[PDB]
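Asks: Next up is a structure, given as structure tokens.
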Amino acid sequence: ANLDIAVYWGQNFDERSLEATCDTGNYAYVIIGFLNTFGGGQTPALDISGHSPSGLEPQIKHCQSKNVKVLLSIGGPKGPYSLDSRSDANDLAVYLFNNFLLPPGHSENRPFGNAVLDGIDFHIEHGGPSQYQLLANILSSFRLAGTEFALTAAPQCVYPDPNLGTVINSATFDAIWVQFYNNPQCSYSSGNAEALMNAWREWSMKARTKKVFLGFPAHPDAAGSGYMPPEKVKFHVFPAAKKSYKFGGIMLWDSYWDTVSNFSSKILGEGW
């Protein structure tokens, strides 16, 4: 196989630290979640489950020294986020660029201190497209001006995605991790992977991106539905997903649960 695994981090105060997560050697991408407050008159705020944002500065740098890419995810499963006006989109693009994607500008301040992140993940779970296209257009423009970073997306598994479908059609995302969970119409169920295989086929053929990753829960308690044991993922999904030029790897929801289940350890042949 030789497998890239992306994992979400930041969902529990008590979880394995960001640096220990990177030291497992199991992950190519660590996505910090979430910037879940923005738009509609609010100042942006993070909800990273009580972790100290400034305390993450050195852990992010340590991750990066080990060649792990670290992204910040916007939106998330819950939160008062919206982007209904063009002014909201512009404000949020400029805020992310200055505070996360560029070096230090030495006087107004930065959540993560002097860390510089490797990209932005769109985990937009409600709202409609709304202005997310304009947000992506502006971030993409920044990328073309010298700041080299990734733009990724985490749509639900029904194609096209109601919140990000149109933005995914612009081809602006470097990679997408589809959530094959919490929807029985497109995820694993009953030992009936048919729904899952049919959705994967659609996504891998139609999504305008270079890399599509399959997102799975790391433990049965991690999602309402869609948990698929690692032996079945390896036997059932890999042989088919590997005939795709767009196959990127898998994404796991999430670090806290993967620590408990050792799902990534099993999928790889012990991950040291």
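Letters A, B, ... mark the chains of the structure tokens in the order given; residue numbers begin at 1 per chain; ligand numbers begin at 1, in order shown.
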Counting only C-alpha atoms, what is within 6 Å of residue 34 in chain A, bar same-chain residues fewer than 4 positions away, as an MDAnalysis selection string?
Replies: chainID A and resid 46:48 73:74 76
Asks: Can you pull out every residue from range 80-195 of chain A that DSSP, working from the backbone, puts in strand (DSSP E or B), and format the result as a ChimeraX atom specification?
Replies: /A:81,119-123,150-153,156,175-179,189,192
Asks: Which residue gives the smallest distance to residue 253 in chain A among A:77, A:146, A:165, A:239, with only C-alpha atoms counted?
Replies: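 For residue 253 in chain A, the nearest of the given residues is A:77.
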Asks: Given the choices A:92, A:135, A:197, A:168, which gets closest to residue 36 in chain A if the distance is worked out from only C-alpha atoms?
Replies: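 Using only C-alpha atoms, the shortest distance to residue 36 in chain A belongs to A:92.
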Asks: Counting only C-alpha atoms, which of A:227, A:149, A:81, A:263 gets nearest to residue 127 in chain A?
Replies: A:81
Asks: Could you tell me how far CA of residue 138 in chain A lies from CA of residue 90 in chain A, in Å and to one decimal?
Replies: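 According to the coordinates, CA of residue 138 in chain A and CA of residue 90 in chain A are separated by 7.4 Å.
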Asks: Between A:49, A:192, A:11, A:65, which residue has the minimum interatomic distance to residue 236 in chain A, considering only C-alpha atoms?
Replies: A:192
Asks: Could you give me, as a PDB file with N, CA and C atoms, in the first residue's frame, the residues within 10 Å of residue 84 in chain A, counting only C-alpha atoms and dropping anything in the same chain fewer than 4 positions from it?
Replies:
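Printed below is result-v6.pdb as written:
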```
ATOM      1  N   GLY A  39     -18.239  35.069  11.094  1.00  0.00           N
ATOM      2  CA  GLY A  39     -19.321  35.529  10.266  1.00  0.00           C
ATOM      3  C   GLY A  39     -20.437  36.160  11.053  1.00  0.00           C
ATOM      4  N   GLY A  40     -21.262  36.899  10.323  1.00  0.00           N
ATOM      5  CA  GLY A  40     -22.486  37.448  10.859  1.00  0.00           C
ATOM      6  C   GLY A  40     -22.320  38.331  12.050  1.00  0.00           C
ATOM      7  N   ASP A  88     -17.884  39.309   4.804  1.00  0.00           N
ATOM      8  CA  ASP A  88     -17.453  38.212   5.689  1.00  0.00           C
ATOM      9  C   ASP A  88     -16.325  37.382   5.065  1.00  0.00           C
ATOM     10  N   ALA A  89     -16.473  37.010   3.782  1.00  0.00           N
ATOM     11  CA  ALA A  89     -15.488  36.161   3.094  1.00  0.00           C
ATOM     12  C   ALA A  89     -14.121  36.817   3.031  1.00  0.00           C
ATOM     13  N   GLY A 127     -25.051  25.845   6.107  1.00  0.00           N
ATOM     14  CA  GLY A 127     -24.999  27.185   5.535  1.00  0.00           C
ATOM     15  C   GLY A 127     -25.370  27.214   4.055  1.00  0.00           C
ATOM     16  N   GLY A 128     -24.989  26.242   3.294  1.00  0.00           N
ATOM     17  CA  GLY A 128     -25.233  26.344   1.894  1.00  0.00           C
ATOM     18  C   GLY A 128     -23.884  26.686   1.341  1.00  0.00           C
ATOM     19  N   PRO A 129     -23.740  27.055   0.063  1.00  0.00           N
ATOM     20  CA  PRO A 129     -22.375  27.413  -0.470  1.00  0.00           C
ATOM     21  C   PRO A 129     -21.948  28.614   0.201  1.00  0.00           C
ATOM     22  N   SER A 130     -23.041  29.327   0.147  1.00  0.00           N
ATOM     23  CA  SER A 130     -23.014  30.638   0.568  1.00  0.00           C
ATOM     24  C   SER A 130     -21.771  31.177  -0.165  1.00  0.00           C
ATOM     25  N   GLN A 131     -21.059  32.121   0.459  1.00  0.00           N
ATOM     26  CA  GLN A 131     -19.887  32.808  -0.137  1.00  0.00           C
ATOM     27  C   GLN A 131     -18.583  32.027  -0.049  1.00  0.00           C
ATOM     28  N   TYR A 132     -18.640  30.730   0.301  1.00  0.00           N
ATOM     29  CA  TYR A 132     -17.403  29.974   0.458  1.00  0.00           C
ATOM     30  C   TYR A 132     -16.554  29.960  -0.789  1.00  0.00           C
TER      31      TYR A 132
END
```
Asks: Residues within 12 Å of range 205-209 of chain A, please, as a ChimeraX atom specification. Count only C-alpha atoms; anything in the same chain fewer than 3 positions from it doesn't count.
Replies: /A:151-153,155,157-161,164-178,198-202,212-213,241,243-248
Asks: Could those selected residues go to a file with N, CA, C and O atoms, as a compact mmCIF listing (two decimals), in the first residue's frame?
Replies:
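Result saved to again.txt:
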```txt
# COMPACT_ATOMS: atom_id res chain seq x y z
N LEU A 151 -5.15 23.78 0.30
CA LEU A 151 -6.57 24.02 0.61
C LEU A 151 -7.24 22.65 0.50
O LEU A 151 -7.03 21.94 -0.48
N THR A 152 -7.92 22.22 1.57
CA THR A 152 -8.57 20.91 1.57
C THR A 152 -10.00 21.08 1.99
O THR A 152 -10.40 22.16 2.44
N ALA A 153 -10.80 20.03 1.79
CA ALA A 153 -12.23 20.06 2.11
C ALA A 153 -12.69 18.72 2.66
O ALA A 153 -12.11 17.69 2.28
N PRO A 155 -16.22 17.11 2.70
CA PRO A 155 -17.65 17.08 2.40
C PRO A 155 -18.26 15.81 3.01
O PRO A 155 -17.52 14.90 3.37
N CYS A 157 -20.80 12.47 2.45
CA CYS A 157 -20.60 11.48 1.36
C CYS A 157 -21.62 11.45 0.23
O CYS A 157 -21.50 10.64 -0.70
N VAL A 158 -22.65 12.28 0.31
CA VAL A 158 -23.62 12.34 -0.80
C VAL A 158 -23.13 13.35 -1.83
O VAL A 158 -22.86 14.53 -1.50
N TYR A 159 -23.05 12.88 -3.07
CA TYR A 159 -22.55 13.70 -4.17
C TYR A 159 -23.70 14.28 -4.98
O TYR A 159 -24.60 13.55 -5.31
N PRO A 160 -23.69 15.59 -5.30
CA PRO A 160 -22.70 16.57 -4.82
C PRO A 160 -23.01 17.07 -3.42
O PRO A 160 -24.15 17.07 -2.99
N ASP A 161 -22.00 17.49 -2.69
CA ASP A 161 -22.23 17.95 -1.34
C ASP A 161 -23.03 19.27 -1.33
O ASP A 161 -22.67 20.20 -2.03
N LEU A 164 -20.56 22.34 -0.07
CA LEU A 164 -19.30 22.62 -0.73
C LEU A 164 -19.24 22.16 -2.19
O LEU A 164 -18.24 22.37 -2.87
N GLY A 165 -20.31 21.51 -2.64
CA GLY A 165 -20.34 21.00 -4.01
C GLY A 165 -19.87 22.00 -5.04
O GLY A 165 -19.01 21.69 -5.89
N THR A 166 -20.40 23.22 -4.99
CA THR A 166 -20.04 24.14 -6.05
C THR A 166 -18.65 24.62 -5.92
O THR A 166 -18.01 24.91 -6.93
N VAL A 167 -18.17 24.70 -4.68
CA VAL A 167 -16.81 25.12 -4.49
C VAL A 167 -15.88 23.97 -4.92
O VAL A 167 -14.80 24.21 -5.44
N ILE A 168 -16.27 22.72 -4.68
CA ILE A 168 -15.42 21.61 -5.12
C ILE A 168 -15.34 21.59 -6.63
O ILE A 168 -14.25 21.34 -7.20
N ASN A 169 -16.45 21.89 -7.30
CA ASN A 169 -16.42 21.98 -8.77
C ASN A 169 -15.45 23.00 -9.32
O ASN A 169 -15.12 22.89 -10.48
N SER A 170 -15.00 23.99 -8.55
CA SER A 170 -14.00 24.95 -9.11
C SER A 170 -12.56 24.41 -9.24
O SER A 170 -11.67 25.11 -9.78
N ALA A 171 -12.36 23.20 -8.73
CA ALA A 171 -11.06 22.50 -8.70
C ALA A 171 -10.02 23.14 -7.78
O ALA A 171 -8.81 22.91 -7.95
N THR A 172 -10.45 23.97 -6.85
CA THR A 172 -9.51 24.73 -6.05
C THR A 172 -8.83 23.87 -4.95
O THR A 172 -7.76 24.23 -4.48
N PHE A 173 -9.42 22.72 -4.57
CA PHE A 173 -8.87 21.94 -3.48
C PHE A 173 -7.79 20.98 -3.92
O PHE A 173 -7.93 20.27 -4.91
N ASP A 174 -6.72 20.95 -3.13
CA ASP A 174 -5.58 20.07 -3.38
C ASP A 174 -5.94 18.65 -3.04
O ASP A 174 -5.44 17.73 -3.65
N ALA A 175 -6.78 18.48 -2.01
CA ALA A 175 -7.21 17.17 -1.61
C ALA A 175 -8.57 17.29 -0.93
O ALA A 175 -8.91 18.35 -0.37
N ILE A 176 -9.33 16.20 -0.94
CA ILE A 176 -10.62 16.19 -0.29
C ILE A 176 -10.69 14.90 0.51
O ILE A 176 -10.23 13.88 0.03
N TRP A 177 -11.21 14.94 1.73
CA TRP A 177 -11.46 13.69 2.49
C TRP A 177 -12.96 13.61 2.71
O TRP A 177 -13.55 14.41 3.43
N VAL A 178 -13.60 12.66 2.03
CA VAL A 178 -15.04 12.52 2.12
C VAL A 178 -15.35 11.77 3.41
O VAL A 178 -14.74 10.75 3.74
N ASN A 198 -20.47 2.41 -3.93
CA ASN A 198 -21.07 3.18 -5.00
C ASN A 198 -20.76 4.67 -4.82
O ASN A 198 -20.60 5.38 -5.81
N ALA A 199 -20.65 5.12 -3.58
CA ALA A 199 -20.37 6.54 -3.34
C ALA A 199 -18.90 6.81 -3.66
O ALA A 199 -18.57 7.79 -4.34
N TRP A 200 -18.01 5.94 -3.18
CA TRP A 200 -16.62 6.08 -3.55
C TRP A 200 -16.45 6.17 -5.07
O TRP A 200 -15.73 7.02 -5.57
N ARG A 201 -17.11 5.30 -5.83
CA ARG A 201 -17.01 5.38 -7.27
C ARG A 201 -17.41 6.73 -7.85
O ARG A 201 -16.75 7.24 -8.74
N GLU A 202 -18.52 7.27 -7.39
CA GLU A 202 -18.93 8.58 -7.84
C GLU A 202 -17.90 9.66 -7.47
O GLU A 202 -17.52 10.45 -8.32
N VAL A 212 -8.36 12.14 -3.56
CA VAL A 212 -9.56 11.93 -2.76
C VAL A 212 -9.19 10.92 -1.71
O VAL A 212 -8.68 9.87 -2.05
N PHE A 213 -9.42 11.24 -0.43
CA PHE A 213 -9.16 10.32 0.67
C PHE A 213 -10.49 9.83 1.21
O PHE A 213 -11.46 10.60 1.20
N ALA A 241 -10.04 0.87 -4.41
CA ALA A 241 -9.64 2.26 -4.28
C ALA A 241 -8.28 2.45 -4.90
O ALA A 241 -7.98 3.51 -5.47
N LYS A 243 -7.28 1.12 -7.67
CA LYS A 243 -7.23 1.29 -9.14
C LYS A 243 -7.57 2.72 -9.47
O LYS A 243 -7.89 3.01 -10.62
N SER A 244 -7.64 3.59 -8.48
CA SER A 244 -7.94 4.97 -8.84
C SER A 244 -6.71 5.84 -8.81
O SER A 244 -5.95 5.84 -7.83
N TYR A 245 -6.53 6.59 -9.90
CA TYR A 245 -5.43 7.53 -9.99
C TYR A 245 -5.68 8.62 -8.95
O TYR A 245 -4.77 9.32 -8.57
N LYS A 246 -6.90 8.77 -8.48
CA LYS A 246 -7.15 9.84 -7.53
C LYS A 246 -7.07 9.37 -6.06
O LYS A 246 -7.33 10.14 -5.14
N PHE A 247 -6.74 8.10 -5.82
CA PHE A 247 -6.76 7.62 -4.44
C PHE A 247 -5.65 8.27 -3.62
O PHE A 247 -4.47 8.14 -3.95
N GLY A 248 -6.02 8.97 -2.56
CA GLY A 248 -5.04 9.66 -1.73
C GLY A 248 -4.64 8.97 -0.42
O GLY A 248 -3.53 9.21 0.10
```
Asks: Just asking: which residues within range 7-245 of chain A are alpha helix (DSSP H) according to DSSP, as an MDAnalysis selection string?
Replies: chainID A and resid 18:23 56:65 86:96 132:143 165:168 194:206 230:232 238:241
